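Remarks on the structure that follows.
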Amino acid sequence: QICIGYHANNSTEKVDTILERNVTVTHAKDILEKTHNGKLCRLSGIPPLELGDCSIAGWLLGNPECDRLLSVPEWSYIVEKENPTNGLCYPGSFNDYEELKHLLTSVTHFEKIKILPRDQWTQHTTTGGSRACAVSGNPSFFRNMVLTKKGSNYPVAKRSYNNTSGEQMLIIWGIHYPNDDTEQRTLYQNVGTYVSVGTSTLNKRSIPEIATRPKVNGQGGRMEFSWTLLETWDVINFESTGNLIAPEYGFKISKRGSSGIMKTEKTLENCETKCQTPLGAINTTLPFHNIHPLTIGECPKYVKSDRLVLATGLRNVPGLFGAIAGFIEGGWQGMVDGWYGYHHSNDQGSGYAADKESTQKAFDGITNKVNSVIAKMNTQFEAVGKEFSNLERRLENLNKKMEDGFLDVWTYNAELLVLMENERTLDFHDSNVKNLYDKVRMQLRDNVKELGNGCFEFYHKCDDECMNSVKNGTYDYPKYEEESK
Amino acid sequence: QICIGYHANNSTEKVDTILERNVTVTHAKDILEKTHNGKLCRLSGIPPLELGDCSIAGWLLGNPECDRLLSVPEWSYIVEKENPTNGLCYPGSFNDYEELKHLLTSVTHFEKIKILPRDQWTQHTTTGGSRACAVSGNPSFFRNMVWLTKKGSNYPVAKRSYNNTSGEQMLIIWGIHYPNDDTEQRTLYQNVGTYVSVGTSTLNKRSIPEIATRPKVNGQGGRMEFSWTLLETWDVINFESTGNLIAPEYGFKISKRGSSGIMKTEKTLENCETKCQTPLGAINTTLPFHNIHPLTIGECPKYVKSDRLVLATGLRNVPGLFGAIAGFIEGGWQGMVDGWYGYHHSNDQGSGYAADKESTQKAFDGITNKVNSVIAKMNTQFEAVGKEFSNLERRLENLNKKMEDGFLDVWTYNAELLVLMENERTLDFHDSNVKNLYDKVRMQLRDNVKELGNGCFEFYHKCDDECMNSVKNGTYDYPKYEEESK
Amino acid sequence: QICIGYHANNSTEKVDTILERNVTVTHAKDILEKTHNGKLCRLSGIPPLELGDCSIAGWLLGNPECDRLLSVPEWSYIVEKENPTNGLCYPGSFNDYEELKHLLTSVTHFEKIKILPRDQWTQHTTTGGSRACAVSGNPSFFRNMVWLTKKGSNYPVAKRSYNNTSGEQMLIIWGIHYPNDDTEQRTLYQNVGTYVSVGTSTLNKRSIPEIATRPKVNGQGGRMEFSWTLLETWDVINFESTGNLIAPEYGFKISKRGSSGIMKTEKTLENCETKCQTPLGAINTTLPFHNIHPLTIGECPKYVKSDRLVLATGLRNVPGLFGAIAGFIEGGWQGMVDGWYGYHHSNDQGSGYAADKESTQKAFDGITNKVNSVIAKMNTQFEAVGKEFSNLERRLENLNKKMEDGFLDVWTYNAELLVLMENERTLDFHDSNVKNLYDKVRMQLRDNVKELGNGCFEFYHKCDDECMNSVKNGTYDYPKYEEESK
């Protein structure tokens, strides 16, 4: 007697198929990554720029609360709190702010350089400050910026700088807006004042916009800041009859590509990732994850799913081809060295001897299937999270519509891929068994009796060397013509 | 004699598979929604704001043609005609108009408040209007705004403030008048170096009027430019002008849960309900796909270019991969009406149609799951779709179209192919169940019966209605029947 | 004897499936297009506007180096060098430049018309030029524009208008000059507090000069900033200036059906035809995917990040899920050449390869439908892909890239997995057809033959060449050959 059978174990693993729910399977693999390392990590060897709770404007201008900040020269992304507490301490706005943040998102190379030393505003006053930028407890000011009247005169302030630094240079400036016609005079004397900034491509003329304004940080005046990239060997010319907030410093900058600002309160921790999320770093081969939408790096596709389990083993029983959980009604706890095999009854003994030839063919296939699903995913470097001013709501909605669109596609396709491939994995196993049963049946023929539950009853004594011929497809029909029927 | 067979009927329902076109199928399910209710409905309990044929600008400003408008405090989307007839009755422009529309798209909560009553402009004339905005047939003006003009030969500095104590964020709109010529300026305002000044915590603006000759629109060379701000709670807005200020009298308390969209159509609201609205009518459906109209609002099926997505649910209709259906069992049974597969027995007693409950149920279960899988996995959140761009945003509008088109092509392709593939496997599924049923009987009989051809066994013994039972329910015993009439 | 076998040949063609790699197949089909004709062609009958190495700005303003450009009246897309050498010869900027380029991307119909003849500027000097816009080698200027300067010591108000009586929407460009200093302002315009004022029905703009020291670009410290508008049919445009106006002499009649793209390349129009153009050449194809170049214009296959998409059409080439091919019938027959599956017979007469035309045809039709389904379901509409952004639209640009990349990922994945899943099913399909051919004969011969193994039956009787054909064409009477050697 020799039976064909398949593996069963104590697994409680469940998968879903197109056709069935909660099907207990022999072995499985989750292709959805859900674990991170809880650390904020550096990205391919380069750390993030950590802004504490300063805004980028606060940092670049030199808000006094950003004094103890720690400026690395390289950085691969930026960490900023959702709502930083130290930004424009003197109230105001920053032209094209979001475009600026996007520029500084990742950097070569970034170095602050003194370009217009303050002591050389010889004909103007330099120490103007404000209680809004106070340093316990005297009036101070943005440390990287500087001009008010000298006596009762404010000559035309006019300086220029040639970018001899060998790199592209960020440069920021501002114009002040007083509270009312008077206040202006006590600050700049003249009235029809202007601020003029120009380069090879830049040219701009601002005039003070006076208005009555509530007090922010105790002030009613405002400062509006602008910025430019000054190309190498180009010069920038400042000219002002008043209200100019001048830079003392510029910033050498070089860039490879772009990255993103990650909103979080976590802090750099000394590890590596190819993929960062505001919750922690992801290290995975898997094509999908559900940790968090706002990742930076080379990441798996984010998916709304919270389970993507591929079946690798077979239906686990205590079928398209009618064998597994079919005409062979049960699995074997006993066979523990393969997925399909034989169970013999002999004068010598019995009887579990797994079929290595076919079990490998399946291990290979199911291996290759899992790898196809994984190895076909194209994962380039992306940032995801973006920034939009309060008058770019539509644009922000477009971006959201886009991110939601791709989320739905990947979720749907991953969910369906898993369901379909699972149905086909179970059917694969069923077919592997059915064919084993057929390979024996087509080998014995008259020499055995098909019992019904997966077994052949031999019409002759079949010792061990006999089985070792049927198990390996060498059984010879002619050698047996004992007819007990 | 017992025979294995499968169900057939008078269906003409057709599906396509990867391998075959135009296949007649026993039962089918269309997973593409194609019908709408032609009504314009309220969305999850909340109505649209209906603008008649006013524009948002005319509504907010208080164009007198928008008097009968009917304002609601809540609304879940906006209905606006493609080209409304009543907007800026006095010609002009609205700064960041589209951003402002986008804001008003979906609203909590919305309430007009009188923040700067006309009568307190005591040092200026307030009744100034224009023939451009005439009410049969005297000069009028936008009802929510105040056209400050001179009183006598004077226009003192106009200066007022409002602190937002209203408990909610407040939309406020103002305007500056650009006169056609120097006389219109003097007769209206007296002064000449005029300016308008508006400031809040975050807002800071100063505008000076531009006198210049312009073609006449609605009989006016002058133009009015309007701007808006959201005034945060407990903040204040300060207005100051030496002339040319079009002041608000009112502000709008606004709260927002989320956002929505404007629906461009001629239709009107109509006392029904949906979770999904299109400019042609509402959609009530379980289905994952529709082809009614791309510009929907709400929780909607995916819009696809396709116009037939039919899933096979039953089997090939025959009045395969496993070789049974339209195969070694050459045809189906019109007569077996209680299941998908079953037996036909010939007995000394009777004969003889009997559905196989067990395996038919396996199939009802599996095909149910399959349809439920295709439908239940579709992730349908709330979206607006339609969007607004100015004439200087062609590129951005084009980016949006390229994106909507991109998703359309993806969903269309995927759905069409999903249907083709899953159809192929459904047929083969049924085929497989018939082959297995056949084999479940053969392995039971063996010697006790002979295999005839198309799914029939001829018993080598008498088998009464009680024996047939043992076969149909798998409890047949070989031993009991050792009559070999072979 | 009677044997059931299958086609084999000298194919080195390889495919991949979900389950196996580098599987040698009988016949295959590549669905990824990789060839182009390396030419810049006309698009559906219509040429591209060819800018040589001028920029659109240079061209529209009339840079002297753009004189010999050849202006077709129609064009379906634009050809521009990645970085043109002839643009604003006199330094400056162009307001809303990308929007203008996107507008001119594709055109009906487009013709230049003289709207404001130079000599009618009677109170002004009209011939001012620059060394920056010089023609070997005297100072010249943008040929389509007029640099109004003073006559003697006077610059009276400059004031002209134009009614668009041309019958089409008209493009009009003007500029304002920003001098280097007060003294340069005075020698050109006399007056110091100047303005440029332009108005239509919907446009109203007032510009004032920003005099200021700048580095020299093309030897010039000054700049010119140009603006543009579309003047509607029968509308008028008012120009008014006290100095610094760069007036248009010409306007551009323009009409549009739709929109298109700019193709950045060095290549030049070469006189052919395409529905699909890339910067590397045109694509003539039926296939659903290509990997030539992402920036296409026209109706194009989906661009995929893949270099092989190979569908199996034939079978596993053997010198399975159903256990027949490379299973219990261990190898394929190089012999049988006129079919995919067939029979081999041992006889006393001939012997004997005969292909089953009936079974083979069912398969040819099915795989034909499969390939066609994959190809014919793909929707290809006209798009431009390449887009343009100023350097203060980095975010918008990155948004566009995020989107293009996203569809790129989706299509690649879906196509790669499509090919693999359908290959696993194509092989199994052949395997099923062979297994079914075998069973079709087995269920026909029953006791009259013995089941050997390699899919061969041993006849228990003389079966001459005519008996064979009763098996092959599935019409074989068992009644007849009731002879017993067992």
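A note on labels: chains of the structure tokens are A, B, ... as shown, every chain counts residues from 1, and ligands are counted from 1 in their shown order.
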
If you count only C-alpha atoms, which residues fall within 9 Å of segment 94-110 of chain B, apart from same-chain ones fewer than 3 positions away, as a VMD selection string?
-> (chain A and resid 391 to 394) or (chain B and resid 48 to 49 56 to 57 72 to 78 175 224 to 228 252 to 262 387 to 390)

Residues of chain A within 7 Å of chain B: nearest atom pair and distance (Å, one decimal) for each, counting only C-alpha atoms, sorted by chain and number, as CSV?
residue,atom,partner,partner_atom,distance
A:18,CA,B:370,CA,5.1
A:19,CA,B:366,CA,4.4
A:20,CA,B:366,CA,6.2
A:209,CA,B:206,CA,5.9
A:211,CA,B:197,CA,5.8
A:212,CA,B:199,CA,6.1
A:213,CA,B:199,CA,5.4
A:214,CA,B:201,CA,5.5
A:215,CA,B:201,CA,6.9
A:216,CA,B:201,CA,6.6
A:320,CA,B:432,CA,5.9
A:322,CA,B:436,CA,5.9
A:391,CA,B:99,CA,6.4
A:393,CA,B:99,CA,6.7
A:394,CA,B:99,CA,6.6
A:408,CA,B:379,CA,6.1
A:412,CA,B:378,CA,6.2
A:452,CA,B:443,CA,6.1

Just write the chosen residues, C-alpha atoms, as a short mmCIF file (atom, residue, chain, number, x, y, z; two decimals), in the first residue's frame.
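Result went into result14.cif, see below:
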data_model
loop_
_atom_site.label_atom_id
_atom_site.label_comp_id
_atom_site.auth_asym_id
_atom_site.auth_seq_id
_atom_site.Cartn_x
_atom_site.Cartn_y
_atom_site.Cartn_z
CA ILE A 18 -10.84 36.08 -4.52
CA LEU A 19 -13.11 33.12 -3.72
CA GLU A 20 -12.61 32.50 0.03
CA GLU A 209 3.27 100.88 2.94
CA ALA A 211 -1.20 101.72 7.69
CA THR A 212 -2.82 101.40 11.13
CA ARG A 213 -2.19 97.92 12.49
CA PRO A 214 -2.92 95.96 15.64
CA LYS A 215 0.12 95.06 17.65
CA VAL A 216 1.93 91.81 17.22
CA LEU A 320 -9.72 23.64 -8.39
CA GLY A 322 -10.10 18.30 -6.45
CA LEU A 391 -3.56 81.79 -0.91
CA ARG A 393 -5.38 76.49 -1.23
CA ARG A 394 -6.42 75.30 -4.68
CA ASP A 408 -6.44 54.57 -4.12
CA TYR A 412 -6.76 48.69 -4.79
CA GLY A 452 -10.49 6.35 -3.00
#

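With only C-alpha atoms as the basis for measurement, B:472 is the residue among B:248, B:472, B:297, B:156 that approaches residue 341 of chain B most closely.
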
Apply DSSP to the structure's backbone, then extract all residues of segment 51-297 of chain A labelled strand (DSSP E or B) and return them as a ChimeraX atom specification.
-> /A:54,78-80,86,92-94,110-114,125,130-135,138-140,145,148,150,153,157-162,169-177,195-198,203-206,216,219,222-230,235-240,244-245,247,249-253,261-263,268-273,275-276,281,288-289,296-297

Any idea what's packed within 12 Å of residue 364 of chain A, counting only C-alpha atoms, ignoring anything in its chain fewer than 5 positions away? Could you give it as a PDB file with C-alpha atoms, in the first residue's frame?
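Final output, saved to selection.pdb:
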ATOM      1  CA  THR A 312       3.208  30.463   0.332  1.00  0.00           C
ATOM      2  CA  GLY A 313       2.256  27.106   1.819  1.00  0.00           C
ATOM      3  CA  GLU A 357      11.510  16.130  -6.397  1.00  0.00           C
ATOM      4  CA  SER A 358       8.171  17.971  -6.574  1.00  0.00           C
ATOM      5  CA  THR A 359       8.433  19.800  -3.251  1.00  0.00           C
ATOM      6  CA  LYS A 369       6.146  34.423  -7.174  1.00  0.00           C
ATOM      7  CA  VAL A 370       6.890  36.320  -3.969  1.00  0.00           C
ATOM      8  CA  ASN A 371      10.005  37.816  -5.526  1.00  0.00           C
TER       9      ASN A 371
ATOM     10  CA  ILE C  18       4.982  34.582 -12.155  1.00  0.00           C
ATOM     11  CA  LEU C  19       6.420  31.126 -11.349  1.00  0.00           C
ATOM     12  CA  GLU C  20       9.509  30.648 -13.532  1.00  0.00           C
ATOM     13  CA  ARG C  21      12.245  32.672 -15.222  1.00  0.00           C
TER      14      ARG C  21
END

With a cut-off of 7 Å and counting only C-alpha atoms, select all residues of chain B in contact with chain C and give the selection as JSON, numbers by chain.
-> {"B": [18, 19, 20, 214, 215, 217, 321, 323, 392, 394, 395, 409, 413, 453]}

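Between atom CA of residue 121 of chain B and atom CA of residue 183 of chain B there is a distance of 23.9 Å.
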
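Using only C-alpha atoms, the contacts of segment 299-305 of chain B at a cut-off of 8 Å, with sequence neighbours closer than 4 positions omitted, comprise residues 275, 276, 283, 285, 287, 288, 289, 290, 291, 292, 293, 294, 380, 381, 382, 383, 408, 409, 411 and 412 of chain B.
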
Keeping C-alpha atoms for every residue in the selection just given, could you write it to a file as a PDB file, in the first residue's frame?
ATOM      1  CA  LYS B 275     -23.942  60.636  -1.298  1.00  0.00           C
ATOM      2  CA  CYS B 276     -23.004  61.365  -4.903  1.00  0.00           C
ATOM      3  CA  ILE B 283     -26.111  58.487  -8.392  1.00  0.00           C
ATOM      4  CA  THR B 285     -25.124  52.766  -6.273  1.00  0.00           C
ATOM      5  CA  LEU B 287     -21.071  49.606  -7.871  1.00  0.00           C
ATOM      6  CA  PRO B 288     -17.364  50.540  -7.985  1.00  0.00           C
ATOM      7  CA  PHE B 289     -17.491  52.244 -11.410  1.00  0.00           C
ATOM      8  CA  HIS B 290     -19.711  54.660 -13.306  1.00  0.00           C
ATOM      9  CA  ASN B 291     -19.628  56.460 -16.645  1.00  0.00           C
ATOM     10  CA  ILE B 292     -22.226  59.180 -16.068  1.00  0.00           C
ATOM     11  CA  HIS B 293     -20.023  62.306 -15.971  1.00  0.00           C
ATOM     12  CA  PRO B 294     -16.467  63.101 -14.857  1.00  0.00           C
ATOM     13  CA  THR B 380     -14.247  55.739  -2.095  1.00  0.00           C
ATOM     14  CA  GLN B 381     -13.553  58.935  -0.167  1.00  0.00           C
ATOM     15  CA  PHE B 382     -15.255  62.297  -0.716  1.00  0.00           C
ATOM     16  CA  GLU B 383     -13.901  64.453  -3.537  1.00  0.00           C
ATOM     17  CA  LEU B 408      -9.059  57.936 -15.928  1.00  0.00           C
ATOM     18  CA  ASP B 409      -6.788  55.899 -18.216  1.00  0.00           C
ATOM     19  CA  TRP B 411      -8.875  52.994 -13.868  1.00  0.00           C
ATOM     20  CA  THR B 412     -10.392  52.326 -17.242  1.00  0.00           C
TER      21      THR B 412
END

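A straight line drawn from atom CA of residue 4 of chain B to atom CA of residue 356 of chain C is 27.9 Å long.
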
So which residues touch residue 164 of chain A within 10 Å, counting only C-alpha atoms, skipping near sequence neighbours fewer than 5 positions away, as an MDAnalysis selection string?
-> chainID A and resid 115 169 231:235

N, CA, C and O atoms of the current selection, written as an mmCIF file, in the first residue's frame:
data_model
loop_
_atom_site.group_PDB
_atom_site.id
_atom_site.type_symbol
_atom_site.label_atom_id
_atom_site.label_comp_id
_atom_site.auth_asym_id
_atom_site.auth_seq_id
_atom_site.Cartn_x
_atom_site.Cartn_y
_atom_site.Cartn_z
ATOM 1 N N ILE A 115 29.255 89.633 4.073
ATOM 2 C CA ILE A 115 29.377 90.301 2.779
ATOM 3 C C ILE A 115 29.248 91.827 2.853
ATOM 4 O O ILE A 115 29.757 92.551 1.999
ATOM 5 N N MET A 169 24.983 82.350 -4.085
ATOM 6 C CA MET A 169 24.772 82.924 -2.755
ATOM 7 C C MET A 169 23.313 83.364 -2.503
ATOM 8 O O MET A 169 22.748 84.170 -3.261
ATOM 9 N N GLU A 231 24.252 85.124 -8.511
ATOM 10 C CA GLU A 231 25.110 84.213 -9.239
ATOM 11 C C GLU A 231 26.561 84.619 -9.047
ATOM 12 O O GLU A 231 26.852 85.768 -8.736
ATOM 13 N N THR A 232 27.470 83.666 -9.225
ATOM 14 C CA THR A 232 28.897 83.923 -9.047
ATOM 15 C C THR A 232 29.404 84.964 -10.026
ATOM 16 O O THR A 232 29.056 84.950 -11.203
ATOM 17 N N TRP A 233 30.233 85.865 -9.511
ATOM 18 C CA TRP A 233 30.840 86.957 -10.281
ATOM 19 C C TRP A 233 29.834 88.043 -10.652
ATOM 20 O O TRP A 233 30.167 89.011 -11.345
ATOM 21 N N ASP A 234 28.607 87.888 -10.169
ATOM 22 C CA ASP A 234 27.611 88.927 -10.342
ATOM 23 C C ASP A 234 27.682 89.819 -9.123
ATOM 24 O O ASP A 234 28.233 89.422 -8.101
ATOM 25 N N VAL A 235 27.157 91.030 -9.234
ATOM 26 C CA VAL A 235 27.099 91.916 -8.086
ATOM 27 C C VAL A 235 25.663 92.296 -7.773
ATOM 28 O O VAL A 235 24.805 92.278 -8.651
#

Considering only C-alpha atoms, return as JSON, numbers by chain whatever protein or nucleic-acid residues lie within 12 Å of residue 67 of chain A, sequence-local ones (same chain, fewer than 2 positions apart) excluded.
-> {"A": [51, 52, 53, 54, 58, 59, 60, 61, 62, 63, 64, 65, 69, 70, 71, 86, 135, 141, 142, 143, 144]}

Can you write out the residues you just picked, keeping N, CA, C and O atoms, as a PDB file, in the first residue's frame?
ATOM      1  N   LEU A  51      16.063  72.277  13.232  1.00  0.00           N
ATOM      2  CA  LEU A  51      15.788  73.679  13.499  1.00  0.00           C
ATOM      3  C   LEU A  51      15.241  73.936  14.896  1.00  0.00           C
ATOM      4  O   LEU A  51      14.853  75.059  15.207  1.00  0.00           O
ATOM      5  N   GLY A  52      15.231  72.903  15.738  1.00  0.00           N
ATOM      6  CA  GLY A  52      14.712  73.033  17.088  1.00  0.00           C
ATOM      7  C   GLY A  52      13.268  73.479  17.026  1.00  0.00           C
ATOM      8  O   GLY A  52      12.430  72.790  16.450  1.00  0.00           O
ATOM      9  N   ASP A  53      12.960  74.622  17.619  1.00  0.00           N
ATOM     10  CA  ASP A  53      11.681  75.251  17.315  1.00  0.00           C
ATOM     11  C   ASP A  53      11.888  76.662  16.797  1.00  0.00           C
ATOM     12  O   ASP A  53      11.322  77.630  17.311  1.00  0.00           O
ATOM     13  N   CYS A  54      12.724  76.751  15.775  1.00  0.00           N
ATOM     14  CA  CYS A  54      12.853  77.957  14.994  1.00  0.00           C
ATOM     15  C   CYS A  54      12.235  77.706  13.618  1.00  0.00           C
ATOM     16  O   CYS A  54      12.229  76.583  13.131  1.00  0.00           O
ATOM     17  N   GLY A  58      13.281  82.515  10.844  1.00  0.00           N
ATOM     18  CA  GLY A  58      13.918  82.832  12.111  1.00  0.00           C
ATOM     19  C   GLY A  58      15.397  82.523  12.065  1.00  0.00           C
ATOM     20  O   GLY A  58      16.227  83.302  12.507  1.00  0.00           O
ATOM     21  N   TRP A  59      15.722  81.373  11.502  1.00  0.00           N
ATOM     22  CA  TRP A  59      17.097  80.922  11.388  1.00  0.00           C
ATOM     23  C   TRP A  59      17.921  81.842  10.460  1.00  0.00           C
ATOM     24  O   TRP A  59      18.926  82.428  10.892  1.00  0.00           O
ATOM     25  N   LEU A  60      17.473  81.994   9.212  1.00  0.00           N
ATOM     26  CA  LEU A  60      18.199  82.770   8.200  1.00  0.00           C
ATOM     27  C   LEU A  60      18.370  84.253   8.559  1.00  0.00           C
ATOM     28  O   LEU A  60      19.395  84.862   8.256  1.00  0.00           O
ATOM     29  N   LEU A  61      17.361  84.832   9.195  1.00  0.00           N
ATOM     30  CA  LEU A  61      17.423  86.233   9.581  1.00  0.00           C
ATOM     31  C   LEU A  61      18.338  86.396  10.785  1.00  0.00           C
ATOM     32  O   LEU A  61      19.038  87.408  10.909  1.00  0.00           O
ATOM     33  N   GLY A  62      18.321  85.396  11.669  1.00  0.00           N
ATOM     34  CA  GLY A  62      19.100  85.431  12.894  1.00  0.00           C
ATOM     35  C   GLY A  62      18.287  85.911  14.079  1.00  0.00           C
ATOM     36  O   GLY A  62      18.758  86.717  14.875  1.00  0.00           O
ATOM     37  N   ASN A  63      17.052  85.438  14.187  1.00  0.00           N
ATOM     38  CA  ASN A  63      16.273  85.671  15.392  1.00  0.00           C
ATOM     39  C   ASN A  63      17.186  85.255  16.539  1.00  0.00           C
ATOM     40  O   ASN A  63      17.807  84.193  16.464  1.00  0.00           O
ATOM     41  N   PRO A  64      17.330  86.108  17.578  1.00  0.00           N
ATOM     42  CA  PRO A  64      18.213  85.824  18.725  1.00  0.00           C
ATOM     43  C   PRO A  64      17.919  84.523  19.479  1.00  0.00           C
ATOM     44  O   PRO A  64      18.820  84.002  20.134  1.00  0.00           O
ATOM     45  N   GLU A  65      16.697  84.007  19.382  1.00  0.00           N
ATOM     46  CA  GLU A  65      16.342  82.742  20.020  1.00  0.00           C
ATOM     47  C   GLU A  65      16.874  81.543  19.241  1.00  0.00           C
ATOM     48  O   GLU A  65      16.784  80.404  19.710  1.00  0.00           O
ATOM     49  N   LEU A  69      21.865  77.121  17.687  1.00  0.00           N
ATOM     50  CA  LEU A  69      21.148  76.241  16.768  1.00  0.00           C
ATOM     51  C   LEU A  69      21.918  75.048  16.178  1.00  0.00           C
ATOM     52  O   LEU A  69      21.333  73.977  16.011  1.00  0.00           O
ATOM     53  N   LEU A  70      23.199  75.212  15.855  1.00  0.00           N
ATOM     54  CA  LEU A  70      23.981  74.094  15.293  1.00  0.00           C
ATOM     55  C   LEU A  70      23.734  73.891  13.796  1.00  0.00           C
ATOM     56  O   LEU A  70      22.937  73.046  13.391  1.00  0.00           O
ATOM     57  N   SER A  71      24.432  74.665  12.976  1.00  0.00           N
ATOM     58  CA  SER A  71      24.226  74.605  11.539  1.00  0.00           C
ATOM     59  C   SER A  71      25.207  73.654  10.883  1.00  0.00           C
ATOM     60  O   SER A  71      26.369  74.007  10.696  1.00  0.00           O
ATOM     61  N   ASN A  86       9.918  80.452  17.207  1.00  0.00           N
ATOM     62  CA  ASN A  86      10.837  81.553  16.905  1.00  0.00           C
ATOM     63  C   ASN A  86      11.039  81.763  15.400  1.00  0.00           C
ATOM     64  O   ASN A  86      11.808  81.050  14.747  1.00  0.00           O
ATOM     65  N   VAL A 135      16.563  90.525  24.225  1.00  0.00           N
ATOM     66  CA  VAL A 135      17.416  89.561  24.919  1.00  0.00           C
ATOM     67  C   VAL A 135      17.515  89.918  26.408  1.00  0.00           C
ATOM     68  O   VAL A 135      18.348  90.730  26.810  1.00  0.00           O
ATOM     69  N   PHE A 141      17.749  92.606  17.849  1.00  0.00           N
ATOM     70  CA  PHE A 141      17.332  92.526  16.460  1.00  0.00           C
ATOM     71  C   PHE A 141      17.863  91.257  15.805  1.00  0.00           C
ATOM     72  O   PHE A 141      18.768  90.621  16.336  1.00  0.00           O
ATOM     73  N   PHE A 142      17.284  90.890  14.664  1.00  0.00           N
ATOM     74  CA  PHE A 142      17.828  89.823  13.827  1.00  0.00           C
ATOM     75  C   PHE A 142      19.328  89.998  13.673  1.00  0.00           C
ATOM     76  O   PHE A 142      19.795  91.011  13.170  1.00  0.00           O
ATOM     77  N   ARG A 143      20.080  88.990  14.079  1.00  0.00           N
ATOM     78  CA  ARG A 143      21.530  89.112  14.171  1.00  0.00           C
ATOM     79  C   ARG A 143      22.239  89.192  12.824  1.00  0.00           C
ATOM     80  O   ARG A 143      23.369  89.673  12.750  1.00  0.00           O
ATOM     81  N   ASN A 144      21.592  88.732  11.763  1.00  0.00           N
ATOM     82  CA  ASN A 144      22.230  88.734  10.452  1.00  0.00           C
ATOM     83  C   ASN A 144      21.848  89.963   9.646  1.00  0.00           C
ATOM     84  O   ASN A 144      22.350  90.164   8.539  1.00  0.00           O
TER      85      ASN A 144
END

Here atom CA of residue 152 of chain C and atom CA of residue 190 of chain C stand apart by 9.6 Å

Find the spatial neighbours of segment 265-270 of chain C, counting only C-alpha atoms, within a cut-off of 6 Å - ignore same-chain residues fewer than 6 positions away - and output them as a PyMOL selection string.
-> chain C and resi 40-41+81+279

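Nearest to residue 386 of chain C of all the residues C:311, C:272, C:246, C:263 is C:263, based on only C-alpha atoms.
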
Those in segment 82-300 of chain A with alpha helix (DSSP H) from DSSP, as JSON, numbers by chain = {"A": [97, 98, 99, 100, 101, 102, 103, 181, 182, 183, 184, 185, 186, 187, 188]}
